[PDB]
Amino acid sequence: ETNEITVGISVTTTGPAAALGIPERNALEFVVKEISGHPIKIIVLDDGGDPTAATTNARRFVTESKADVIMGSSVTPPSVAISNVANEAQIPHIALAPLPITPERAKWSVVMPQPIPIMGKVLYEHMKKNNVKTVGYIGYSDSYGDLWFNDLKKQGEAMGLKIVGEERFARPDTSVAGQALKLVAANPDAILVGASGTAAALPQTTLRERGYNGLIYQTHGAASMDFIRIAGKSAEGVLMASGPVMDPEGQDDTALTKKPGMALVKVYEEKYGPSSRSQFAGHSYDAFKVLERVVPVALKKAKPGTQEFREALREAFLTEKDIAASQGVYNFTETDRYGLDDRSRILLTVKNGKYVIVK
């Protein structure tokens, strides 16, 4: 009847990715604190973006906290680390960063952020519409950057785009001077930046300061105010993939995403200020929207704090259809662990220091 549901959350609230995990943690103020008469005990720990710390946190959630579900992390490397733990421990995991889904990961993990090909397709279509022919890339030297570069090669080239340079940088790097000078020399019509948070603004500002005049495209990893704050004037004209949480006011009342998105941005921005909404707050909030749907189904089969409950939650991801959330409408399957479609994305630009939808 009333025993607790335990949710362990590992997110990044210090280090280079704090811009993503802070909103994710903050959003927890606004999610339900009990479901179907069972109080939720949330245990939240910082991982610093570090896979080793995220592994530690997930392991202790399972063995010590007896968690029913684990969530996190804020960026791809720790999210991989948690999925690996979850799939060994046999515990549902809701990831808050895109990650590469492999056989080892697919059974127990689902993914809130939009998959990279959905977001790439919106960017590449705008490139084509706008007579862009040549494209350069600068992104992380890790799995997130690889996911993006592979997509640009596979989808972008399929659609006639020509890739004329690729540069990588590491997450903590404070300069991309050299990479930027190679891309400026190459002078593509557009450059795709495969990065997130504060690091996404680094190529933005560097490319402009080094004289780049083409179009710059940013991933959904960039979709918060921090980008505009840091990049300043250099952010003007940027094209950015984003989930729909960035603009619920603009959605049709028929959109399933409108009410949850309006509910989140209103309460979040009441607390944290005008335009404080972010992609990342959306993910955290939406993980609880998925839990509101799957928990009552699992409860019919088992009590919280048992392995049977973890199993029942896993099966419920597969049976509960059209989970409406701020970022999209979720339909998970055995092979699609993201579960999202075109209702899960919009295209933004920046005009006079504010995000504006691109139609």
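All residue numbers are counted from 1 along the displayed sequence.
Practice prompt. Taking the mean of the C-alpha B-factors per stretch from the entry, tell me the winner out of 249 to 257 and 276 to 284.
Written response: Taking the mean B-factor of the alpha carbons in each, 249 to 257 is higher.
Worksheet item: So 294 to 302 or 37 to 45, which one's hotter by mean CA B-factor in the entry?
Response: According to the PDB entry, the answer is 294 to 302.
Worksheet entry | Most elevated Cα B-factor in the entry, residues 174, 196, 242, 90 | Spelled out: the listed residue with the top C-alpha B-factor is 174.
Practice prompt. Return the residue from 167, 189, 142, 269 that has the highest Cα B-factor in the entry.
Written response: Answer for 167, 189, 142, 269: 167, with the highest C-alpha B-factor.
Discussion item. Ranking the modelled residues of this chain by C-alpha B-factor as given in the entry, is residue 211 in the lowest, middle or highest third?
Written reply: Top third by C-alpha B-factor.
Discussion item. Please place residue 308 in the lowest, middle or highest third of its chain according to the CA B-factor in the PDB entry.
Written reply: According to the entry, residue 308 has a C-alpha B-factor in the chain's highest third.
Worksheet entry | Entry-reported Cα temperature factor of residue 29, expressed as the chain third it lands in | It falls in the middle third of the chain.
Discussion item. Splitting the chain's C-alpha B-factors into thirds, which one does residue 65 fall into?
Written reply: As the PDB entry reports it, the C-alpha B-factor of residue 65 lands in the middle third of its chain.
Worksheet item: By its CA B factor, does residue 135 count among the lowest, middle or highest third of the modelled residues in the chain?
Response: Residue 135: CA B-factor falls in the middle third of its chain.
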